[PDB]
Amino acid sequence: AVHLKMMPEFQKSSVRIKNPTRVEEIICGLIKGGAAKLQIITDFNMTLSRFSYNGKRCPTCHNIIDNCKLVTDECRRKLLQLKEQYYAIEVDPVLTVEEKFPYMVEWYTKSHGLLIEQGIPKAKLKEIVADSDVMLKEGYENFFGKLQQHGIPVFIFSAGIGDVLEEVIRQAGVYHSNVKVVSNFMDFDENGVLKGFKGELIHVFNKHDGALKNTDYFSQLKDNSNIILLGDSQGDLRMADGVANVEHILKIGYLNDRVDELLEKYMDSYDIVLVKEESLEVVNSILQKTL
């Protein structure tokens, strides 16, 4: 049997579990299935990347562009102000999903309108990322390393920017063949200059939609009936809605902000909540027992 009490990673003060016996059972199920049955479905910004480091806020993939040298100061001020205004709505504990939804759509429209006007060149994304302050969570090498060693499918489902995200994991040496990225990917003109975004918008509250539009990916992993889902938002809880068959699913949520106001809700909807946690130690220990 699995005993969380015997696992010190689980007894750290940042680990909040509402139903420990159910988490035990779920983890026992993952262990029984092993590699052969495991897949990972994970958010990106503030789930695989850090929310803050040494007391300062770390950038999302969008923030990497907001802050980079390829954007004029005037634009950056506009972008900072949209961020202040729209982040406040995104995390607002008082507002329902349906109240927030149209403001999230609007944030993306305005942000992405301004980025297109700046004409970001594809060829500069590498430098922009290398000069950025982005940080992946502690333990990211062993997370991706262990998954790739056992050929475990990893689906990264991000409402961020796909090109930037890929470049971050590429520079960190963890963009392995088992990793699939679904995000908002830049459309470039004939000069390799940004003119728009491809496909349909993925935002904070419509991951259900793109989950169902990837049933090709999911129907090839029908045997991968044991799922570990990681997210930091309530909208991430929908990322596994396109999975073919679910036998055991464990949901791990990073609660990074408005902790006291959001804790009960997070504990009710995620199996394990990780409060102001900048490492992947908990999921790494699960992987260590499973693979």
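All residue numbers are counted from 1 along the displayed sequence.
Of the two segments, 7-15 and 271-279, the one listed with the higher mean B-factor is 7-15 (C-alpha atoms only).
Mean CA B-factor, 32-40 versus 241-249: the higher value falls on 241-249.
Looking at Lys78, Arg170, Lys207, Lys180, the one whose CA carries the top B-factor in the deposited record is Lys78. Looking only at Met135, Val94, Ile202, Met104, the residue with the top Cα B factor in the deposited structure is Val94. The entry lists a Cα temperature factor for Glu166 that places it in the lowest third of the chain's modelled residues. Per-chain ranking of the deposited C-alpha B factor places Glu264 in the middle third. Residue-level temperature factors show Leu291 in the middle third of its chain, judged at the C-alpha atom. The entry lists a Cα temperature factor for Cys68 that places it in the highest third of the chain's modelled residues. In the deposited entry, the Cα temperature factor of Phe188 sits in the top third of values across the chain's modelled residues.
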